[PDB]
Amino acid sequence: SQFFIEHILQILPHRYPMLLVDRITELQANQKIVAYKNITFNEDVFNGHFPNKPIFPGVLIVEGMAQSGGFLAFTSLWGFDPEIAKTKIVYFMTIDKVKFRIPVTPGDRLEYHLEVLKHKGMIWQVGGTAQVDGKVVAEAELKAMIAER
């Protein structure tokens, strides 16, 4: 269930500054994942969002949830397989029911909670929340398709 940055880098194609998942704490095939990304002032994004008021972009919180969800889907089908990971692309088709409740700032441990709402073939629907210190800071539902890279 625990995957670190090294493991993550072998499954996801994302690299700096768009790999928004630092560690995976829980993974239940075909069911759910709990992962997180540490938020620190030392991130380029804060230079512009916003000057004198660092706030992690809501859309990037969603991106982080999507990446966690994609990791879940890929792993549920193929497990930890770097080889096969390079032959697949997990792109997102839709995003819906997104709600932002609390602003995420430097010092926050942005935890992603996604579960498989539904899946058929290579189409997977995940949903859940983003949490900081046990509180729900955002929620969203996403639908992704898995295909040959």
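Position 1 is the first residue in the sequence shown; the rest follow in order. Under this definition, the rigid core comprises the largest set of C-alpha atoms superposing within 1.5 Å between the forms.
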Q | Which of 57-65 and 90-98 lies farther from this form in 7 other deposited structures of this protein, as RMS of C-alpha positions after a rigid core fit | A | 90-98
Q: With everything overlaid on the rigid core, name the stretch, 107-115 or 120-128, whose CA atoms wander farther on average in 7 other deposited structures of this protein.
A: 120-128
Q. As stated in the PDB record, which stretch has the larger average Cα B-factor, 16-24 or 136-144?
A. 136-144
Q) Per the entry, where is the mean C-alpha temperature factor higher: 39-47 or 88-96? A) 88-96
Q) Compared with the other modelled residues in the chain, in which third is the CA B-factor of residue 80? A) highest
Q) Which third, lowest, middle or highest, does the CA B-factor of residue 122 fall in along this chain? A) highest
